[PDB]
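Just so you know, the protein sequences line up as chains W and V, in that order.
Throughout the first sequence, residue numbering follows the UniProt record's numbering, covering 788 to 857 in sequence.
Throughout the second sequence, residue numbering follows the UniProt record's numbering, covering 6 to 251, 259 to 290, 297 to 411, 535 to 659, 666 to 857 in sequence.
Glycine included, each C-beta is placed from N, C-alpha and C at the ideal position.
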Amino acid sequence: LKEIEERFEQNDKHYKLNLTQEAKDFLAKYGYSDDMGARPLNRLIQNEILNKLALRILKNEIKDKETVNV
Amino acid sequence: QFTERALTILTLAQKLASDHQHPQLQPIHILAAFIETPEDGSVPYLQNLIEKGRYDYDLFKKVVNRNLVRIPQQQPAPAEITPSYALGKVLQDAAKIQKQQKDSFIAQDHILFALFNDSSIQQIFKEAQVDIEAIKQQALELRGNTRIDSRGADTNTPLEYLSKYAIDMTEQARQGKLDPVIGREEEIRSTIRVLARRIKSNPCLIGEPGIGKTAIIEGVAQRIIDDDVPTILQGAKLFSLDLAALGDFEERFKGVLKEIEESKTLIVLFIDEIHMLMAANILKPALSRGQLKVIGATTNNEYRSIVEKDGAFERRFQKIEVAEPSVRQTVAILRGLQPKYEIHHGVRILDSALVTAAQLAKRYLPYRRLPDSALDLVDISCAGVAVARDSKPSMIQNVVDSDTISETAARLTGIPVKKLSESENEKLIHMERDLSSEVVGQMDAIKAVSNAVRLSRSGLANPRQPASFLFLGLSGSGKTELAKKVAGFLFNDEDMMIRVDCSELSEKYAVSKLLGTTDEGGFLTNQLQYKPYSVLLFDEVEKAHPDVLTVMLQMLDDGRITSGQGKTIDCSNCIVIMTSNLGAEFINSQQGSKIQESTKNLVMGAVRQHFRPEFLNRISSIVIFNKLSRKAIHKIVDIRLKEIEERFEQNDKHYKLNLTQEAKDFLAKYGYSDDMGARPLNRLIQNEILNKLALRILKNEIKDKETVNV
Ligand SMILES: Nc1ncnc2c1ncn2[C@@H]1O[C@H](COP(=O)(O)OP(=O)(O)OP(=O)(O)O)[C@@H](O)[C@H]1O
Ligand SMILES: Nc1ncnc2c1ncn2[C@@H]1O[C@H](COP(=O)(O)OP(=O)(O)OP(=O)(O)O)[C@@H](O)[C@H]1O
Numbered sequence: 788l789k790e791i792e793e794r795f796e797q798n799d800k801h802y803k804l805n806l807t808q809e810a811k812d813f814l815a816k817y818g819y820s821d822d823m824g825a826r827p828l829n830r831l832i833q834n835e836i837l838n839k840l841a842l843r844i845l846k847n848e849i850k851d852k853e854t855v856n857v
Numbered sequence: 006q007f008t009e010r011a012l013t014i015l016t017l018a019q020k021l022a023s024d025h026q027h028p029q030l031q032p033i034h035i036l037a038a039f040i041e042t043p044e045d046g047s048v049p050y051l052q053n054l055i056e057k058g059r060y061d062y063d064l065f066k067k068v069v070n071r072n073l074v075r076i077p078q079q080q081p082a083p084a085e086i087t088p089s090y091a092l093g094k095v096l097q098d099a100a101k102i103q104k105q106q107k108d109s110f111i112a113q114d115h116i117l118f119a120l121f122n123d124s125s126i127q128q129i130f131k132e133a134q135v136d137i138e139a140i141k142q143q144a145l146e147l148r149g150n151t152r153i154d155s156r157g158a159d160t161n162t163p164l165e166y167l168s169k170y171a172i173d174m175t176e177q178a179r180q181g182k183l184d185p186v187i188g189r190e191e192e193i194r195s196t197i198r199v200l201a202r203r204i205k206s207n208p209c210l211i212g213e214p215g216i217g218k219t220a221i222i223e224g225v226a227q228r229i230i231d232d233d234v235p236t237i238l239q240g241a242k243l244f245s246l247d248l249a250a251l259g260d261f262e263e264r265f266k267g268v269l270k271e272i273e274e275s276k277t278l279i280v281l282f283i284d285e286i287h288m289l290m297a298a299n300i301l302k303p304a305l306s307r308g309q310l311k312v313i314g315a316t317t318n319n320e321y322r323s324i325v326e327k328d329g330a331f332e333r334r335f336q337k338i339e340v341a342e343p344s345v346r347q348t349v350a351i352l353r354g355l356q357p358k359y360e361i362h363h364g365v366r367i368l369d370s371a372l373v374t375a376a377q378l379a380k381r382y383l384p385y386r387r388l389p390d391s392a393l394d395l396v397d398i399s400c401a402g403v404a405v406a407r408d409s410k411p535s536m537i538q539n540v541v542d543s544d545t546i547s548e549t550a551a552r553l554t555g556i557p558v559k560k561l562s563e564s565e566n567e568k569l570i571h572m573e574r575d576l577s578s579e580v581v582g583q584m585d586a587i588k589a590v591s592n593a594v595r596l597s598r599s600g601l602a603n604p605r606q607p608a609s610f611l612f613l614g615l616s617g618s619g620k621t622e623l624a625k626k627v628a629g630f631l632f633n634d635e636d637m638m639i640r641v642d643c644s645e646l647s648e649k650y651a652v653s654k655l656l657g658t659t666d667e668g669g670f671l672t673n674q675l676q677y678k679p680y681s682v683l684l685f686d687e688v689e690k691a692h693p694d695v696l697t698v699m700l701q702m703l704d705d706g707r708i709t710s711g712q713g714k715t716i717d718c719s720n721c722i723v724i725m726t727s728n729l730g731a732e733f734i735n736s737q738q739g740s741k742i743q744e745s746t747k748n749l750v751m752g753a754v755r756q757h758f759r760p761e762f763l764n765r766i767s768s769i770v771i772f773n774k775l776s777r778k779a780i781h782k783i784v785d786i787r788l789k790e791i792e793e794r795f796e797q798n799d800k801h802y803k804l805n806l807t808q809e810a811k812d813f814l815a816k817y818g819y820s821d822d823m824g825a826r827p828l829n830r831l832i833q834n835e836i837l838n839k840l841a842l843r844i845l846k847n848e849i850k851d852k853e854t855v856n857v
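Take a look at the structure:
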């Protein structure tokens, strides 16, 4: 979690965050693979989150610094 | 026309000069419009052919708006009102590099390319666009063939393998090329559900090829453009690699793993029957990176080989086995593709035929996946008379039910009129009349055997078990002919009845009727293993060793047997028949012309002696074969007469035949033998009757097409 947010709210995204335990659980549960790891989730962390919520936010109607978790 | 991608910038470049409302479109304008921001999402920054060719745009990012803010301001309508042919040439001037670097339309490079004169800092210190120096240089770096169409995604040529040999059928889908599919919509969904499954996205399609496993992928590809594709799966599209490998020529296939990784799982991959050790092993390091949704497929065969080793690459893979589709499946696609392939061939068809096609097709298909074979037979039916139509004589561009089924499908084997007249019910109702034609007298065997298989027919056969019979009498009584008649009547095939010797193939023939492999495992397998339709002749069963009678009861019971590979294969299409001659003794009762239940008890007693009641109680009907009346004797005449005329009067000479009971008693009397029946007389007639003519043939005193009885 820490890596992306510290890339962006710092400069780019000005971003305040929210976490459902869903993701909190999902990413841990689902996102982490036993064998192949969260290694894909590391990419997925983009996808279902960064890719997802930026896409949520990139409209801006959910404003800057706003957040919507799945 | 300009490339959309180019024009996307171009109008945005017209939009560019519009935002500051520039007075004129002039060389250094789009230098801002080429770039949203320094991101390679704006290639003209870094991924541009210039930063790699000559002029890096990093700090050179600085100057672009510096001009477009220092343009003299204008008002809205004169903004983007002019090409200003100084710039307006770039419209045409972009078509210059499409020559030397071989392109057709005007692309992002080209719109860029034309600009290479004044679009710039052109000064003593010139931060500018080299003319041929950056692009023809790096327009190979970029791409190496850029040109496709105005349509399409970024023209940065990130992945050459994906652009080369990776086929997107969703393109073809919105291009309308592929034929929509049906009825795997379960598998479609489920495999897509597998795909939609976050845990195992990768399916394994299992099954024998030709079944539509990528026809699955067809509608799947369609569901991509049909947009039923799940949110997880939305952004992805179809790639399917049909592997043509033709220094390692494969690593291309490995290099593309980045090109999709470029797209960042913006597609799916589907590989069909090629799943094997690749170089080295196929695939995974991109998938094994945790990434890369792919549609996997195979026969159990390729499933039996390498993916058996790991199994944790199948950790991505739910194995889904397709089954040969149902009738409506065939029907519905036919329903969809009847008009297709009749318009493909420019003809018409009866849907009456269309459904009827699948009927016998599904029935007598020895091999394939029916719709193919159907569509084959269909196209066969289609093209066949269409070729008959287009070539003079043709009158019917529509095509009938019957011949389009039978005569066409008669090119599997034949016998259309029998393939015709049967409703699959018509057998039984008409059988014991039909059976009355072949095996003489024997109204017992007529009723009993047939009525018992009328129970194994009528739909009253168990999902697994055939009818079961153990018969006494002459071997040569028409016994085998009965089951040949059966084979002939029931399956319309003489091959159905198969010699299987219980007597001599007996004890360790349990290894030689099949063997867990330590090539048929043994006799009984590819007899049926090829052809589930069969008729079983089990020779003098009580002379077999009991070693097999268990798995023979396992034939009796459940109608299926574990094979050498272990497969338990359906014999219930057949009718299990057992043979015993021991009642030839008990024909003493028939010598006394008893009702044989006199000894059939003793017969039953005799057979109940040696075997499991299970093994015993399976028999539907045991039929003693009755004493031959003169009729029963001399109706065997026309049998001979038939197999006489079958050649002379039919398949060679066209020579007529006549006899008299005079000569026939001069035959049958001698011609009949007690224990072997008239089986002697057959190989008797072979000369003194036959060769009497083979004499007279070249003796020729009387000639062909005649007949003279003796
Ligand atoms: N349900 C269907 N609807 C439309 N066309 C179909 C359907 N099923 C099969 N086809 C046709 O079958 C042809 C290809 O079949 P397909 O390759 O999918 O069989 P297959 O079992 O996948 O062979 P393989 O296993 O090697 O991929 C195409 O012409 C396609 O239009
Ligand atoms: N009632 C009958 N019905 C049919 N065929 C009969 C009849 N009586 C005698 N036959 C003769 O039986 C011949 C074939 O007999 P069939 O094959 O049924 O016994 P078979 O078991 O094969 O002989 P075998 O096993 O001893 O070599 C036919 O060619 C036919 O002429």
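- Query: Any idea if W/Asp822 is buried or exposed, counting beta-carbon neighbours within 10 angstroms, 16 or more meaning buried?
  - Reply: exposed
- Item | Nearest neighbour of V/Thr236, chosen from V/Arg198, V/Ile216 and V/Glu667 [CA to CA] | Checking every option, the nearest Cα to that of V/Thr236 belongs to V/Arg198.
- Query: Would the region 202-212 of chain V and the region 303-318 of chain V be scored as touching if the rule is three or more Cβ pairs under 8 Å?
  - Reply: Contact holds between the region 202-212 of chain V and the region 303-318 of chain V, because three or more Cβ pairs, one in each stretch, are under 8 Å apart.
- Query: Can you list, in chain order, the residues of the region 321-337 of chain V whose Cβ is nearer than 9 Å to any Cβ on chain C?
  - Reply: Absence of chain C from the displayed structure is noted, the protein chains being W and V.
- Query: Beta carbon of V/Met290, beta carbon of V/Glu223: below 8 Å?
  - Reply: no
- Task: Look at V/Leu368 and V/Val540 and say whether their C-beta atoms are less than 8 Å apart.
- Result: Between V/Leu368 and V/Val540, the gap from beta carbon to beta carbon is short of 8 Å.
- Should V/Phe130 go down as buried or exposed, given a rule of 16 or more other Cβ atoms within 10 Å for buried? exposed
- Item | Cβ of residue 432 of chain V within 8 Å of any chain W Cβ | Gap note for chain V: numbering proceeds from 411 to 535 with nothing in between, so residue 432 of chain V has no coordinates.
- Compute every distance between the C-beta of V/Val784 and the non-hydrogen atoms of ligand 2, then say whether any falls below 7 Å. no
- Message: If you follow the alpha helix (DSSP H) that V/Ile546 is in, where does it begin and where does it stop?
- Response: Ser543 to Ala550
- Task: Give the secondary structure of V/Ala119 by DSSP, where H, G and I count as helix, E and B as strand, and everything else as coil.
- Result: helix
- Given V/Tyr166 as reference, the closest of V/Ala249, V/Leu92, V/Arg179 and V/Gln143 once Cα atoms are compared: V/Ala249
- Query: Under 9 Å Cβ-Cβ, which residues of chain W neighbour V/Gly308?
  - Reply: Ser820, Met823, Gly824, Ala825, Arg826, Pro827, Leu828, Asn829, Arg830 and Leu831
- Who are the neighbours of V/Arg203 on chain W, taking C-beta pairs under 8 Å? Under a criterion of Cβ atoms nearer than 8 Å, the residues of chain W adjacent to V/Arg203 are, in order, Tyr817.
- Query: What residue does the alpha helix (DSSP H) around V/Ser609 start on, and which one ends it?
  - Reply: Here V/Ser609 belongs to no alpha helix (DSSP H); instead the beta strand (DSSP E) covers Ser609 to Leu613.
- Task: Would you tell me roughly how many angstroms separate the C-alpha atoms of V/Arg152 and V/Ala158, rounded to the nearest one?
- Result: 12 Å
- Task: Evaluate V/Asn773 with the Cβ neighbour count: other Cβ atoms within 10 Å of its Cβ, from every protein chain shown; 16 or more gives buried, anything less gives exposed.
- Result: buried
- Message: At the level of alpha carbons, what is the spacing between V/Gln80 and V/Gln19?
- Response: 14 Å
- Residue ranges of each alpha helix (DSSP H) run of no fewer than 4 residues wholly in the region 159-234 of chain V, ordered along the chain? 165-169, 174-179, 190-201 and 218-231
- For V/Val68, which of helix, strand or coil comes out of DSSP? helix
- Task: Reducing DSSP to helix, strand and coil, say where V/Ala304 ends up.
- Result: coil
- Item | C-alpha distance - V/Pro357 paired with V/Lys182, whole-angstrom precision | 16 Å
- Item | CA nearest to the CA of V/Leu246, picked from V/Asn764, V/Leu238, V/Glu285 and V/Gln113 | V/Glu285
- Message: At the level of alpha carbons, what is the spacing between V/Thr196 and W/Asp851?
- Response: 39 Å
- Message: Quick check: is any heavy atom of ligand 2 less than 7 Å from the C-beta of V/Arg794?
- Response: no
- Is any heavy atom in ligand 2 found nearer than 7 Å to the beta carbon of V/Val581? yes
- Query: Closest to V/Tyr60 by CA distance: which of V/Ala139, V/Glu548, V/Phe612 and V/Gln712 is it?
  - Reply: V/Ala139
- Separation of V/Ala82 from V/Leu120, as counted between CA atoms: Taken atom to atom, the span from the alpha-carbon of V/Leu120 to that of V/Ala82 is near 24 Å.
- Decide if the region 713-727 of chain V is in contact with the region 604-611 of chain V; the criterion is three or more beta carbon pairs, one per stretch, under 8 Å apart. Yes, the region 713-727 of chain V is in contact with the region 604-611 of chain V.
- Could you check what DSSP says for V/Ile639 in three-state terms: helix, strand or coil? strand
- Determine the contact status of V/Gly668 and V/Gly711, defining contact as a CB-CB distance below 8 Å. yes
- Look at the alpha carbon of V/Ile708 and the alpha carbon of W/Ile832, and state the distance between them as a whole number of angstroms. 53 Å
- Message: So, under 8 Å CB-CB, V/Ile791 and V/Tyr819 are touching, yes? Tell me the CB distance rounded to an integer number of Å.
- Response: So it is not a contact: roughly 18 Å between Cβ atoms.
- Just tell me which of V/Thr317, V/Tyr170, V/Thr316 and V/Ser391 has its CA closest to the CA of V/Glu271. V/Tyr170
- Task: Run the CB neighbour count on V/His362, radius 10 Å, all protein chains shown included, and call it buried at 16 or more, exposed below.
- Result: exposed
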